[PDB]
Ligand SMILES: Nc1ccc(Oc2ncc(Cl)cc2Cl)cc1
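The chain that follows stands alone, in the form deposited without this ligand, written as structure tokens.
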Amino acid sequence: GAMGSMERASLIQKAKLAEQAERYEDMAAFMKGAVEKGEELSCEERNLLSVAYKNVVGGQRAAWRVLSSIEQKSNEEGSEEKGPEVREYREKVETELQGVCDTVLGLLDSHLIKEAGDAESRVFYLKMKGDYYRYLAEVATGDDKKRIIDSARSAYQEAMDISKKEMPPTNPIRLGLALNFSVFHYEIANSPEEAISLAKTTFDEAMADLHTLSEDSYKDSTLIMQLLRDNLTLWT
């Protein structure tokens, strides 16, 4: 690791600077270095890690979608052959995306998840595991596509089971997990009815628990609840 010689605290500080500078590849490298120091991550640090890689892979996903769309048009009946270049470059971006996903999954497996005992850390990491298998599933086409999908499902399901036992229904981690698992059902698993059921039940159970919350916790929970509603509006 090229960050092995830098202090953990300096890596975290520089991750925060990189975020302010919108340098998310640097942010991700700094937070990978911090994870590789071997200590557990605090709540703030977990969110720095997730923000960094979400921005990196989010850009890769957007590029992949543009290129895949161009590639499909080039393969429609009537298109003028423009050679291997579109496929090659889509493949290049796809391989870089898979590499980022594999890196994140590797950090979770070595050894963030196995040391995560509290619900807020363990659910957070298992949600990430589901998310990054989901991104692999978005581009998968081979002998292991079903196994990638099932790896996403299994991670989301373990996270869900813990969240329902250990977190209130308004906990924003629980809400964001359900939001993303619902999108997994809709977009990956071809299970729109499960997606809709999960989003609606999550929203309604959260609504009923809002009365227990402070103003600041209310704002956090209702933010994610609005995303659940937005998706339900898109889907119904």
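Residues carry their position along the shown sequence, with the first being 1.
Missing here is the form deposited with this ligand bound; even so, the following discussion is about that form.
- Taking the partner from the other structure, this ligand in the deposited bound form has no heavy atom within 4.5 Å of any heavy atom of residue 37.
- Remark: residue 70 does not count among the residues lining this ligand in the deposited bound form, judged by a heavy atom distance of 4.5 Å or less.
- At least one heavy atom of residue 196 is located within 4.5 Å of this ligand in the deposited bound form.
- Although this ligand is not shown here, in the deposited bound form the stretch 190-214 places heavy atoms of 196, 200, 203 within 4.5 Å of it, in sequence order.
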